[PDB]
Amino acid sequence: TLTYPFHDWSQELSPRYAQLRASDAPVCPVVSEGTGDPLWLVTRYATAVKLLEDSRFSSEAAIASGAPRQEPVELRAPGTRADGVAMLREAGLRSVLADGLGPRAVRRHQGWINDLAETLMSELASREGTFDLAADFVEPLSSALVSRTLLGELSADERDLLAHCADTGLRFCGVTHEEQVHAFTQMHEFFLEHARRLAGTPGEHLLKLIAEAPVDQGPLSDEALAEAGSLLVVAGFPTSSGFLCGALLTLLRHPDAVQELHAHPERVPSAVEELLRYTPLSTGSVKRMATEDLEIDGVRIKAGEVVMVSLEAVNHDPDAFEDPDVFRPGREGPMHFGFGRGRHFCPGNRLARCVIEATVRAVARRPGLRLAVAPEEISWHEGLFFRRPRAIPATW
């Protein structure tokens, strides 16, 4: 019956999420608009915990070529595996993510990240007119994050190529299927040519750490490095840029909350966590394949079927959060789902929280920052997996 996704490309969540959440069944059938595949959809917090903590519902099997899927094309250059995390597991490197992405990486990078956030915001505060927080703040900050922490030194042309491929490939619609496949082919061909060199540029970026990691087999090949490059782009680039843009819109809409953060900087970490709950990001869902015949809260799922969890729907579940549609940094609720749950909890969470915190603090230190247009005049890219406005006109 209901086709998926729900076309809610702005920060207004589709009403279909609450409608399914309040239905009797804890899992609801939908149909992929792009493929016609039947899919299951979970929208309730309690059910999502149980599903995402169950290793019998496999992420790798839902990523694999040939799986039923919500996305209109396979997210891979044809003929490639295109599962960088599985590649790291086969290589024995799952721990290298911790070194390049965990608290050790945050210690290494937090200083320059905050220096850059303040440098960008201070320059905007010096301008005699308006500016665009998306292009003038989020783009340089997120580009620096990807280069310095993930890929290595990138030229502006290389950064633009990778950003184009991410925006073209990671879509439910708005491009033809052939252009979407070509975006992944373009990015894979870029990394086949350049991943080795990038891994050798100065810095402690994750791609270097992967290339230099001790492996029981040989040190990783150029093909393995290329798989890692595409993973890091799709997981790190449009997510960070979309989230930072959305978080800025949330802050600009809540001046009373920003004033409290200005007066009490020790409350910023709680506001970061509330932004991760409140600010929607993906227009799709995390998903898992049943590896055998299973039951989730009484509903039978056959082996090979795919079950989706909308993190936005879970983060807005009123059985978990009181007044879920209110931005409330003081909130004393359960853990949010903005980074997922269980064994697949975002390994980028530490670096993401550091860049989000640096952005929140840069805003909170300078009262009066506001939208320069009406909030309904904000224009959205339509069809991206990871929501992003076309521009955020702003001023003091």
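The first residue of the sequence shown is number 1, and the count goes up from there.
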Mean C-alpha B-factor higher for 327-335, or for 359-367?
327-335
On mean C-alpha B-factor from the PDB entry, just flag whether 206-214 or 241-249 is the higher one.
206-214
Using only the C-alpha B-factors in the record, can you name which of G84, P269, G129, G236 has the highest?
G84
In the PDB entry, which of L150, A313, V175, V306 has its C-alpha at the highest B-factor?
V175
Which third of the chain holds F137 when residues are ordered by C-alpha B factor: lowest, middle or highest?
lowest
Taking the values exactly as deposited, rank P318 by C-alpha B-factor within its chain and report the matching third: lowest, middle or highest.
highest
Can you tell me which third, lowest, middle or highest, the CA B-factor of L145 falls into for its chain?
middle
Ranked by Cα temperature factor within the chain, is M121 in the lowest third, the middle third or the highest third?
lowest
B-factor third for the C-alpha atom of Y278 within its chain
lowest
